[PDB]
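fold the stuff below for me.
(chains A, B, C, D, E, F, G, H, I and J, ligands or ions: 8)
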Amino acid sequence: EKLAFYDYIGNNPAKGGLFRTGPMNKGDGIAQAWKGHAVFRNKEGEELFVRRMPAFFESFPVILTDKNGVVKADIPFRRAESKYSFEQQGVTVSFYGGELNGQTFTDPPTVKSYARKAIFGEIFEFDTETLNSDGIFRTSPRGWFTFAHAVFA
Amino acid sequence: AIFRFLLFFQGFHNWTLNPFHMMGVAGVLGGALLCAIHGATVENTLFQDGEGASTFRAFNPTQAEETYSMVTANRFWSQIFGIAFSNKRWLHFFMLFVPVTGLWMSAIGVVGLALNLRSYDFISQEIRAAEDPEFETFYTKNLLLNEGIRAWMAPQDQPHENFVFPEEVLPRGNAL
Amino acid sequence: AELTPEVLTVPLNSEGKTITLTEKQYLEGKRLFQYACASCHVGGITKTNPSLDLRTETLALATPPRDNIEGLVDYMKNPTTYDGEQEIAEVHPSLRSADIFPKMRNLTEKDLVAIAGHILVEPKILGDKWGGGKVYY
Amino acid sequence: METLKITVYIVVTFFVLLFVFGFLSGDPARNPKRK
Amino acid sequence: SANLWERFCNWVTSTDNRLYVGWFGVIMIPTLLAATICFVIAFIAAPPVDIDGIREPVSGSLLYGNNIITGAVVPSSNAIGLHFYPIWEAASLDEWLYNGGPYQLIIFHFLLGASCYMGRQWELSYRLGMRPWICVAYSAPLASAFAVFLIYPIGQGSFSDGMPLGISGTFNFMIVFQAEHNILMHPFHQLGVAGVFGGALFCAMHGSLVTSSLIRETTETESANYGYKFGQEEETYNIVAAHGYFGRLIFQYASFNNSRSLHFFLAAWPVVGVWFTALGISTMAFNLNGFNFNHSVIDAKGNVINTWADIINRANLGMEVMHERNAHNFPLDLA
Amino acid sequence: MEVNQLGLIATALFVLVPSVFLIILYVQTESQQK
Amino acid sequence: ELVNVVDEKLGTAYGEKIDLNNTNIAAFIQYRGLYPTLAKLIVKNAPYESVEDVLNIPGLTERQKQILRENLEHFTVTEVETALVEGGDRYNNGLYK
Amino acid sequence: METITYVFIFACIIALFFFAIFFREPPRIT
Amino acid sequence: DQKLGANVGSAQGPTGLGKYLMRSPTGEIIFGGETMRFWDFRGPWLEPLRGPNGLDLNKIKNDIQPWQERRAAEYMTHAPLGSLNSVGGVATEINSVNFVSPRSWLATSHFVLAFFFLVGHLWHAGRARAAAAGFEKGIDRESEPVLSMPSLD
Amino acid sequence: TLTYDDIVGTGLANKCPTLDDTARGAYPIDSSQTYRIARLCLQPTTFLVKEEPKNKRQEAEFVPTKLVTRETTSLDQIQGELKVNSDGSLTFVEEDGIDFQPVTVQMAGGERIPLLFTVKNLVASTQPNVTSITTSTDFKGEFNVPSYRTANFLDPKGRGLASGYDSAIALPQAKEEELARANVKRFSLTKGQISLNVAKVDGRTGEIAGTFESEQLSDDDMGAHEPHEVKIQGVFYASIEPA
Ligand SMILES: CCCCCCCCCCCCCCCCCC(=O)OC[C@H](CO[C@@H]1O[C@H](COC2O[C@H](CO)[C@H](O)[C@H](O)[C@H]2O)[C@H](O)[C@H](O)[C@H]1O)OC(=O)CCCCCCCCCCCCCCCCC
Ligand code: CLA
Ligand code: CLA
Ligand code: CLA
Ligand SMILES: C=Cc1c(C)c2cc3nc(c4c5[nH]c(cc6nc(cc1[nH]2)C(C)=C6CC)c(C)c5C(=O)[C@@H]4C(=O)OC)[C@@H](CCC(=O)OC/C=C(\C)CCC[C@@H](C)CCC[C@H](C)CCCC(C)C)[C@@H]3C
Ligand SMILES: CC(C)=CCC/C(C)=C/CC/C(C)=C/CC/C(C)=C/CC/C(C)=C/CC/C(C)=C/CC/C(C)=C/CC/C(C)=C/CC/C(C)=C/CC1=CC(=O)C(C)=C(C)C1=O
Ligand SMILES: [Ca+2]
Ligand SMILES: [Fe+2]
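Numbering: from 1, shown residues only, chains lettered A, B, ... in the order given. Ligands and ions are numbered 1, 2, ... in the order given. Shown next is the structure:
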C-alpha cells in the first residue's frame, strides 16, 4: 500500500494553493485504503490507459489511449458529435489487489467516475467526514518549508 | 515570447488574482503616477527666472534658491486633493519606496508560483457554485476563461507532453 | 521539405486521369483564391454555411463529384447544392452570374483551372488544417 | 416615477445654470494680477 | 450685501476655502457624490445583473456572496445596448437593478465629475497665479477611464461591454479584450507599458538620486527628513553631486543637470505613454486590433512553421471559445 | 457562507495589533513636553 | 435515479448511425446525395417507427427512393429524445467548424 | 460576518480620509 | 436554416431566448443572438422585411429575395474587424484575406486626431489664460500670490 | 395603420390588437368550409406565482409579482387550422409562430421566478355545436412546456447536459453523492392549461378578441430545484379567415 500511495498526485507538493491552508487531509481527506489498480478496457478487450494530470493543471480532461498512444476513448464536452464516449466504446473497468480487487464495473457512470480518478494516479479511499474536507488539494510540509525559505532568503 | 508567459500565468496560475501581483501593479502603476504628477507639479509651479517663454534656459545649474514654489505646490494640492506634500525630502524618498516595494511584492508572489503555491481559487465560492447552479460571479467567469486557455494552448505550448485532445474533449461555449 | 511537382499532381477528371500543376499556376491560384474566395472560404471552411467545406473528401461525396479539376471548374460556372438537385448561381459567385458578382468577370478559363488546382493542392500541404477551423489554427 | 424624472431634471438644470452663469460672471477677472 | 450673487461667486471662487470648490466644482461635487454614494450601496447590496441580456444574472455584490476581490458593480444589460437607462425609465427599481441600471448612473456621473475635476485642476492654478498644464497631465488617466468606460462601449455597441466596476470584473475585461483584439500585439499598448514601466523606473531614479544627494543637516540618530523646513529659500539636495554620480554611471551627456528639463521629462514620459495606451483602447474600440502574424512563417513546401505569435493565438482561442458560454448563436463573433 | 473560521480573527488581529502599535507611539510622542 | 439522457443515448443505435428521429440534419452530409433535399424531408417528416418508414415520405421521386434504399444501412431509429429535438436543435445545434 | 468585515474596514478608511484632510498638522512655513 | 426546414419564429436557443428572432425591450421583433444590441440598425437590404412591429414573420418566411441573401452574405463576410497589418477578421484568424474596413480606418484615425486636439485645446487655452493675466513664465519670485493668502492649514 | 417608426419605442409593439366597443357581433361557421387562424396573439397582464405553506398545510394562493424583465412578454404570429368537428365544435391547432417568450418576475422576498411563458402545440377547443362565434365562446386546451434552458446551456461552472463538464472540477477530491443533483442535468418537459374566452366578435372581418388565463410550471433550472406553479392572465386577439 505505502508504495501505491506515493503514486498519487495528491501527495505532489506542486499541487495546492497559497491560501489553501492546513494539512493535506483537509483536502482530499484522510487516506483509508487502496481501492486497487484500475485497468480500463473497451469492447474489443483492448486495454486503455488514462492520460495523467500534469502538476501544472488545476483541471484536466479524461482521455484514454492504447499502448501506441492512439486515442481510443474519452469523456466528451460537446456530445453533439462525440466519437469516443465511454458509451460508444463499451469501456469497462476492472480492479486487482486492494478494496475493489477482483471486481469489475460496466455501467458508464461508474466506469467514468473511476476514469475521472485514474487521472491522479492510484485510486484511494478517503474519509472526508472527520476533518470536514473540501476536496481541493493542499501542499505538503516539503512544499511549505520550501516556499517560506525561498522568500525569507 | 513574453506575452505567452503572461497569458500562461493567467491561464495556469490565475496570477491576476494574486495579492502580491496586485501590490506589484499598485506600485508600478502608482509609481508611474508619482512620476507624472510630480513632474507636472514642478513645471507648472516654477518661479520666473528668465524673460523668455521657453523657461528651460532660466535654470541655475548651480543651486541656490528652489526653482519651483514648494509653498505654492503645497497649497494647490491641499485644496484640490485635500492632501499634499510639504517636505521634499520625504516626497522624494516616497518616490523610491513606492515602485521598489511594488516590484518586491510582485517577486514574492512568483517565488510562490514556483512551487505552484498559487492564489488560484476561493474555496467558499467553489463550494457554493457546486451545490447551486445559478450562482455566478465575475470570478467563476474568469476560471472558465482559464480552462479554455489551458485546453487550447497546452498542446503546442508543451510539446514534450505529446498531448492529443480530441475535438470532442475541447471545452467550448455555444456556436463559438 | 518542398512543394514538388508531385504535390502538384492532382486528379483532372472522374476517370482517374491526372494533371500536374506548376509552381506558377499554384501561386496564381492561391492569389485568385484570395481575390474571389477567402472572403468566405478562408482556410477551406465556409463562413456563410460552416456545414460544407473544401476538404477533398467532402468534395468527393458531393454530387456530382467536385474533387477534380473538371468538377470544381464546372462548379465555378454553374454552382449547385450538395445533392446537385438545385442550381445556386444566384447566391454563389459563378461565371453565369458575373453581373451579380463582378469579382468573377475578369476570371477566364485559365484562372478557373488554377483556383481549382489550389483547392486540391492545399489540403495536400496543410492536411487537417485545411478542412477544420479554429480548432486547428 | 414620472415625478423623479421631473425632479432630477430640475436639479440638473439648477447646477448647469449655476455653471454657465458662473464663468459668465467675468471669470477672467478672478486671479492674482492682470485683469 | 454687496449683492448676493456677487458674493456667491466670490465664495465659490474663493481661494480661501479648505477645499477649492470651483466653478467646475459646482458640477463636480454633486455628480461625484452621486456616483460614489450609488456605487458603495450597489457594491454592498445590489442584486444580480443580467449583464449579457440572456437572462443569466451575475451577482457581484458583497451581501449576495461576493468578497472584496470578486465583487463588483455589473454593467447594464446587453438587451439595453447603448440606450439611456435612467431610473425613470423603469417600471420599478426591481427592474432597474436587474438590468444593471446602477452601472450607468455611476459611469456617467463619474466620467462627468472626473472631467470637471480636470476643469478644476486648471481653475485653482489660475486663481493662484501658477502655470496651467497640470490638468493636462491628468488628461491621460482621465482619457483612459473614458476609453474603458465609454469609448469602447460606444464602439462596441453596448454598455454591457464596458469595463465592470470591480477587481475580478476588470481582469475579465482584460482577458476577454486580449482574445478579441490581441492587444499585447498592438503598438499603442506597448507604448503604454513603456510609459508605465518607464514611469515607475524614472520615479525610482529621480526619487533615489535626489534622496541620496541631500545636504547633511541632521544628526546621526535623527530622521534625515527633518533636514528640511517648509518654506525654504535654497535647495535641499546637491543637484550637481546628483548629476556628478549619474553622469558617471552611464556617461555625462546622457544625464540631466537642468532640474527643469529633468522634471519635464519626468512628466512627459508617463503622460505621453498613457495617452497612447488610452488611444489604443479607444482605437481597438472600432476593431483595428493588434498585429496578426498567424501562420506568417511557412516552409518550403507550404507547411506552417509556428512562431511565438502562434502559441499566443492558441491561448487567445481558449479565451474566445469559452467567454460568454451561452451568449452566442452564430459562427462569427461580431459583437 | 462556507468561509474559514479563523478568517475573522486573522483579519481582526491583523488590523488591531499594528494599529495599536502606531497609536501607542503617536500618543506617547504627542505627550512629550516642550 | 439521475442520468444524462444524451450521454446515455450515445450507448445505443444513435451514436453508431444516423438517427432518423434524433440526429441533427447536418449528419446527412456524410453520404452521397442525401443532404439538402432529402435530409430536409427526413427531418421535416416527423419520427419513424422503423427505418423503412422513411421510404414512405409522401412525394419522394423514384430516384430519391432509390438513394434512400441505398443508405438505409447507415440509419437507425430510437425514441425521440426531447433534449435533442427541442429548440429546433435538429436544424442548428450550435456547432460549426 | 464577512460582509460586515469588508464594510467595516472600508468605513475605517473613509474615517481616516476625513481626519487626514481635516485634521492634519497645519503645514508651517520657514 | 429556414431552408433546411426550421421554423425561425419558434426556435429556442440555449438560453431560452430565441435562436433567430427575439423581442427588444419595448416589444419589437428583432434578430436574436448577441446581435440584440444592434436592433437599431436600419438598411436598404433589410427594411423590406420589417413590418409595423419589426421583422415580419411572414415576409421573413417567403419574401426574402436572393439579392438580399447575397447582400447579407457579402456584408457578413466584410465586417469591420481587422489587424494593423491589415489581416481581415478576428484576432485569431489566419492570413489570406488582406482587408480592413475603410470605416475602421477612418474612425480610428479621426478619434486619435480628435483626441490630441482636445489636449491641444486644454494646452493652448491654459497658456492663453496665464499669458493674459500674465504669469505663463513663472511665479514672481517677489510677489508670490500664495504668500499673501491666509493659511487654511 | 401605423408604420414601424410609428410604434418603435412606444412599447406598442408588445400589445395584441384590439376591437372597439361596437364589435360585439358573431361570426358564422360554414362547417363545410375549412377555416384557419391567420393570427393568434396573447398579451400577459399579470403573472401570479402560487406560494407554499411550508410544513403546515393551509392551501397555497397565487400571489402577484413584479415583472423584472420588460415589455417582451407577448406571444404573436400564432397560426394553424381551426378545424370544425363532427359535433359542431371547433378546435384550434397551432402550427408555428412566436409561440413562447422567456419571462422573469420577482416576489415578496426578492426571489426571481423565471418561466418560459408559452403555448407550444396548443390544442384549444370550444363547446359542441357552435355555428357562429359569439361573445364568450370559451376555448380550452393544453400545450407543451419545454425546459426553460435548452440542452446546450452551461452553468457558471461549465457543467451542462448536451455539453459541458461532468462534475465539480473545482473540487477534485470531494465526495460526489451530495453534488449529484447539480452535476447531472435533466431536461424537463411538461403540459399546460389555457382557456381563451371571447369578449368581442366581429363577424364582419372575422376577428375575435378577449382574455385568457393559463397555468404552467416555471424553470426548474436543468432540474436543480423544484419548479414554481404559475398562473398567467392577459388578453388575446385572433384573426379567423376561411383560407
Ligand atoms: C514617453 C515617450 C513616448 C514616445 C512615443 C513614441 C511613439 C512612436 C510611435 C511610432 C510609430 C507607431 C507606428 C504604428 C505602426 C503600424 C505598422 C503597421 O501597421 O504595419 C503593418 C505591417 C505588415 O506586417 C505584415 O502583415 C502581412 C499580411 O497581412 C496580410 O497579407 C496576406 C498576404 O501577404 C493576406 O492577404 C492577409 O489576409 C493580410 O492580412 C504579412 O503577414 C506579413 O508577413 C507581415 O510582415 O507591419 C510590419 O511589418 C511591422 C514590423 C513592426 C515592428 C513594429 C514595432 C512597432 C512599435 C514598436 C514600439 C517599441 C516602443 C518602445 C517604446 C519605448 C518607450 C516609449
Ligand atoms: C517558517 C515556516 C513555517 C512553515 C513552512 C509552516 C508550515 C505550516 N504550518 Mg506553521 N507555524 C510557524 C511557521 C511555519 N509553519 C510559526 C512561527 C508558528 C507559531 C506562530 C506556526 C503555527 C502553526 C499552527 C497553529 C498551525 C500551523 C500549520 C501549518 C501547516 C499549514 C498548512 C497551510 O495551509 O499553511 C498556510 C500558510 C499561509 C497563510 C502563509 C501566507 C502569509 C500572507 C497571508 C501574508 C504576508 C503579510 C504581509 C503583511 C504582506 C505584505 C507587506 C508589505 C509591507 C510589503 C503548514 C505545514 C497548521 C497545521 O499544522 O495543520 C495540521 C496549524 O494548525 N502552523
Ligand atoms: C495592469 C497593470 C499591470 C502591472 C502594472 C503589472 C506589473 C508587473 N508585472 Mg504583470 N500582469 C498583468 C498586469 C500588470 N502587471 C496581467 C493582466 C497579467 C496576465 C495575467 C500579468 C502577468 C505577469 C507575469 C507572468 C509577471 C508579471 C510581472 C510583473 C512585474 C515585473 C517587473 C518588471 O518591471 O520587470 C523587471 C525587469 C528586469 C529586472 C530586467 C532589467 C534589465 C536591465 C538591467 C537592462 C536592460 C538593458 C539592455 C541591455 C538594453 C538593450 C535592450 C534591447 C532590447 C534593445 C511588474 C510589477 C513579473 C513578476 O511578477 O516578477 C516578479 C512576471 O513574471 N506580470
Ligand atoms: C529580464 C529582462 C527583460 C528585458 C530586457 C525586457 C525588456 C523589454 N520589455 Mg519586458 N518583461 C520582462 C522581462 C524583461 N523585459 C518580464 C519578466 C515580464 C513579465 C512576464 C515582461 C513584460 C513586458 C511587457 C508586457 C512589455 C514588455 C516590453 C519590453 C521592452 C520595453 C521597452 C521599455 O520601455 O522599457 C523601459 C526602458 C527604457 C526606457 C530605456 C531603453 C533601454 C533599451 C531599449 C536600449 C538601451 C540602449 C543602450 C544599451 C544604451 C545606449 C548606448 C549608446 C552607445 C548608443 C523592452 C525591450 C513592452 C514591449 O513589448 O514593447 C514593444 C511590453 O509591452 N515586457
Ligand atoms: C489604475 C491605476 C491608477 C489609479 C487607480 C489612479 C487613481 C487616481 N489618480 C488621481 C490623480 C492623478 N493621476 C495622475 C497620473 C497618473 N495616474 C496613473 C494611474 C492611476 N491613477 C498613471 C499611470 C498616471 C501617469 C500618466 C495625475 C496627474 C493625477 C491627478 O492630478 C489626480 C490627483 O488628484 O492626484 C493627487 C486620483 C484622482 C482622484 C479623483 O479625482 O477622484 C474623484 C472621486 C473621489 C475622490 C471619491 C468619490 C468616488 C466615486 C466617484 C467613485 C464611484 C465609482 C467609480 C467610478 C468606480 C471606479 C472604481 C473601480 C475599482 C471600478 C486618483 C486617486
Ligand atoms: C464596502 C465597500 C464599498 C468596500 C470596497 C470598495 C472598493 C472597490 C475598494 C477598492 C480598494 C482596494 C481593495 C484596493 C486594493 C489595492 C491595495 C489596498 C493595495 C494595497 C497594498 C500595496 C499596493 C502596498 C505597497 C505598494 C505601494 C507603495 C503602493 C503605493 C500606491 C500609492 C499611494 C500611489 C500614489 C497615488 C497618489 C494620489 C500620490 C499623490 C502624491 C501627492 C498627493 C502629490 C501632490 C504633490 C506633488 C508634488 O510634485 C509636490 C512637489 C508636492 C508638494 C505635492 O503635494
Ligand atoms: Ca418560493
Ligand atoms: Fe523632483
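
distance of the residue lying closest to residue H:29 once chain neighbours are set aside from residue H:28?
Spatial nearest neighbour of residue H:29, chain neighbours left out: residue E:231 (3.2 Å); criterion: Cβ to Cβ, 6 or more residues apart in numbering or on different chains. Where C-beta positions appear, they are placed from N, C-alpha and C, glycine not excepted. Between residue E:231 and residue H:28 the computed distance is 8 Å (Cβ to Cβ, to the nearest Å).

buried sites along stretch J:195-212?
When neighbours are counted by 16 or more other Cβ atoms under 10 Å in any protein chain shown, the buried residues of stretch J:195-212 are found to be J:196, J:198-203, J:206-212.

could you export those as a markdown table, including secondary structure?
Output for those, formatted as a markdown table (DSSP: H, G, I helix; E, B strand; the rest coil):
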| residue | secondary structure |
| --- | --- |
| J:196 | strand |
| J:198 | strand |
| J:199 | strand |
| J:200 | strand |
| J:201 | coil |
| J:202 | coil |
| J:203 | coil |
| J:206 | coil |
| J:207 | strand |
| J:208 | strand |
| J:209 | strand |
| J:210 | strand |
| J:211 | strand |
| J:212 | strand |
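
which two among those residues are spaced furthest apart?
Pairwise distances across the buried residues of stretch J:195-212 (Cβ to Cβ) peak at 21.2 Å, for the pair J:203 and J:212.

returning to what we had before: higher neighbour count, residue E:231 and residue H:28?
residue E:231 (15 against 11; other Cβ atoms under 10 Å in any protein chain shown).

what residues of stretch J:82-95 count as buried?
J:82, J:84, J:90-94.

also stretch C:107-123?
Under 16+ other Cβ under 10 Å, the buried positions of stretch C:107-123 are C:107, C:111-123.

circling back to that earlier point, which of the buried residues of stretch J:82-95 sits closest to ligand 1?
Looking at the buried residues of stretch J:82-95 and their distance to ligand 1, the nearest is residue J:94, at 48.8 Å (Cβ to the nearest ligand atom).

for ligand 5, what's its nearest residue on chain I.
Counting by Cβ to the nearest ligand atom, chain I gets nearest ligand 5 through residue I:119, at 12.4 Å.

wait, is that residue part of a strand?
No. With three-state DSSP as the criterion, residue I:119 is assigned helix and is not in a strand.

one step back: so who does the residue nearest to residue H:29 touch?
B:70-71, H:28-30 (Cβ atoms under 8 Å, 6 or more residues apart in numbering or on different chains).

by neighbour count, which of those wins?
residue B:70 (23 neighbours).

pretty sure residue C:105 is in a helix, no?
Yes. Counting by three-state DSSP, residue C:105 is found in a helix.

just give me the neighbour total for it.
Neighbours of residue C:105 using other Cβ under 10 Å come to 10.

state whether it and residue C:98 are indeed in contact, as I suppose.
Yes. Between residue C:105 and residue C:98 there is a contact under Cβ atoms under 8 Å: 4.3 Å.

pull up the overlap in contacts between these two.
Common neighbours of residue C:105 and residue C:98 are not found (criterion: Cβ under 8 Å, 6+ apart).

tell me which parts of chain B are close to chain H?
For chain B, the contact set with chain H under Cβ under 8 Å from any Cβ of the partner chain comprises B:71, B:74, B:78, B:82-84, B:86.

for chain I, what is the nearest residue in chain C?
Nearest residue of chain C to chain I, counting by Cβ to the nearest Cβ: residue C:38, 4.0 Å away.

please report phi then psi for residue B:65.
The phi and psi values for residue B:65, taken as degrees, to the nearest 10, are phi -60, psi 160.

SS state for whichever residue of chain A sits closest to chain D?
Going by Cβ to the nearest Cβ, chain D is nearest to residue A:19 of chain A, at 44.8 Å. Classification of residue A:19 by three-state DSSP places it in coil.

I figured it hits residue B:117, correct?
No. Here residue A:19 does not reach residue B:117: they are 9.3 Å apart, not a contact under Cβ under 8 Å.

so the two - more neighbours on which side?
residue B:117 (25 against 15).

list the contacts for that one?
A:16-18, A:139, A:143, A:147.

for chain I, just list every one of the helices.
Per DSSP state H, chain I carries helices over the ranges I:57-62, I:66-76, I:102-133.

cool, and chain J?
Under DSSP H, chain J gives helices at J:180-183.

other residues contacting stretch D:19-30?
Against stretch D:19-30 from outside (Cβ under 8 Å, 6+ apart): D:35, E:5, E:9, E:12-13, E:23-24, E:26-27, E:126-127, I:129, I:132-133.

how about the lengthiest helix in chain B, does it get close to ligand 5?
Longest helix in chain B, counting residues (DSSP H): helix B:88-114. No. Helix B:88-114 lies out of reach of ligand 5 by Cβ under 6 Å from any ligand atom, never closer than 11.4 Å.

okay, now residue E:199: neighbour count?
29.

helix, strand or coil for the residue nearest to residue E:308 when sequence neighbours are not counted?
Once flanking residues are discounted, residue E:308 sits nearest to residue B:1: 4.2 Å by Cβ to Cβ, 6+ apart. Secondary structure assignment for residue B:1 (three-state DSSP): coil.

is stretch A:56-64 positioned near chain G?
No. Judged by Cβ under 8 Å from any Cβ, stretch A:56-64 makes no contact with chain G; its nearest approach is 12.6 Å.

now that stretch - C-alpha only, PDB.
Presented in PDB, the C-alpha positions along stretch A:56-64 are these (Å, rounded to 0.1, in the frame of the first residue of the first chain):
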ATOM      1  CA  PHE A  56       0.600  22.400 -13.900                       C
ATOM      2  CA  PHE A  57      -3.200  21.800 -14.500                       C
ATOM      3  CA  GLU A  58      -5.900  22.600 -11.900                       C
ATOM      4  CA  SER A  59      -8.300  20.600 -14.000                       C
ATOM      5  CA  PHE A  60      -7.600  18.100 -16.800                       C
ATOM      6  CA  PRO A  61      -9.700  16.100 -19.300                       C
ATOM      7  CA  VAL A  62     -10.300  12.300 -19.300                       C
ATOM      8  CA  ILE A  63      -8.600  10.800 -22.300                       C
ATOM      9  CA  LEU A  64      -7.900   7.100 -22.900                       C
END
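
wait, does it contact chain C?
No. Stretch A:56-64 lies apart from chain C when judged by Cβ under 8 Å from any Cβ; the minimum separation is 14.6 Å.

which residues does that stretch contact?
A:40, A:42, A:48-51, A:53-54, A:71-75, A:84, A:91, A:112, A:115-116, A:118-119, B:12, B:116, B:120-121, B:146-147, B:150-151, B:154, B:158, B:164-166, B:169, J:166, J:169-170, J:172.

follow-up on the earlier one: buried ones among the contacts of stretch D:19-30?
E:9, E:12-13, E:23-24, E:26-27, E:126-127, I:129, I:133.

which ones among these are found in helices?
Those of the buried ones among the contacts of stretch D:19-30 lying in helices (DSSP H): E:9, E:12, E:26-27, E:126-127, I:129, I:133.

Throw those into TSV and include distance to ligand 6, thanks.
Formatted as TSV, those follow (distance: Cβ to the nearest ligand atom, whole Å):
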residue	distance to ligand 6
E:9	28
E:12	24
E:26	24
E:27	22
E:126	18
E:127	18
I:129	22
I:133	23
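
tell me the two of the residues you listed that are most distant?
Farthest apart among these - using Cβ to Cβ - are E:27 and I:133, which lie 23.5 Å from each other.

SS state for residue E:31?
helix.

appreciated, that's everything.
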